[PDB]
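Before any questions on binding or motion, here is one chain by itself as structure tokens, the form deposited in one PDB entry.
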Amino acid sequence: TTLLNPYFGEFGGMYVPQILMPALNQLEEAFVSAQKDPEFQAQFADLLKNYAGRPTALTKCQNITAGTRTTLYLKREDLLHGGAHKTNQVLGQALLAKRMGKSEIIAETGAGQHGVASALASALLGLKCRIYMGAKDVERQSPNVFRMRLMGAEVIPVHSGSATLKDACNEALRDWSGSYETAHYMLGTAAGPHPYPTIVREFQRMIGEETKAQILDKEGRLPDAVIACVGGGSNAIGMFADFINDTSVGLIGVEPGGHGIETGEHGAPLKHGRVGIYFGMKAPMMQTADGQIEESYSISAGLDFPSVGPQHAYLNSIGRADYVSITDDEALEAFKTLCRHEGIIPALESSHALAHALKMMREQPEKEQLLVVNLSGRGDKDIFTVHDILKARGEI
């Protein structure tokens, strides 16, 4: 039994081995209690403000919209400590670990951004952090591995199975199934089994709450649409949550189209996958006809997941939120455009959200519209990727 509904309509649930159910129940209990606890809320607010730098700016982008009837604001999660929105919810989950009397954090990473976020939260709050990493990923990601170890996290190379993310995740959850009395598993997105999709949304919802207050102050009305990229769904549900009951506000989630939906080399399960059960949840996923989970693809590591948070599948199903895709080439053009016209280097993840807003403007340039893009992160990390693609197509 649970305190909260584990499902969003038909999507979500707790598809874990029986041995992990007490861990999920314990965490649900702690979360529900914490949400009632002014001291928890005050400690979380204190870390968000004084350590992470909230509130984040809301930037009006005049150069990029000049000559159109689009007004575009960027919610600047790129200015958060760590340079992406991931920081918000790892701080909340680290406080939940401490609430449950744990001294240890478990996480896994492929590209390294969630592992860095997990390690910085653990260093601040005096938690022992272990981060499981595919041996082939450890090889690729020397800078993220170095940042994690600089922050005192033990980075464990996993050589088992295919020596990659799914193998690191298996090891992490095996460890958690034995260690959950002393260790919290810090899930990096609004996906996985209940209660993680709920927790991650509530620990990201300040993105939208701030955006609403800032847009009302600056424009005296709500946005026509808020636009966010969708990898697992955390930055998007964090922007969306406070607008869900404002039914005039469009909610647009952008999945990675990769080389093009028609190629099969994409990360757009919500619109181009089909429902299955994996990683603890019933959700859209990319799979073979016989139900093996496919490999996703995106230029952007942060979006490269073959599934999505169940609350997004639900919002889509009822027509509350709309989901689209943006290709590698569209994201790259948005990345270049923001650099040149606003002096902001966006994360390639965030560049997918910006590319769709640029499309909304350019397709219908005489349409009056007030748009907010969630600028989920900064793109320092992406300059070598962008450099290599641009030199390899003759500076195009």
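Whichever C-alpha set is largest while still superposing within 1.5 Å between the two forms counts as the rigid core. Position 1 is the first residue in the sequence shown; the rest follow in order.
Although it is not shown, the form deposited in another entry is what the next lines describe.
Superposed on the rigid core, the two forms differ between this form and the one not shown by 2 Å or more at the C-alpha of one listed residue only; from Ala168, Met285, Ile199, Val90 that residue is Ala168. Shown in the overlay between this form and the one not shown, fitted on the rigid core, is a CA shift at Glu209 smaller than 2 Å.
Once the rigid core is used as the reference frame, the Cα position of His272 differs between this form and the one not shown by less than 2 Å.
Residue displacement note: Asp78 has its CA displaced by under 2 Å between this form and the one not shown (rigid core superposed).
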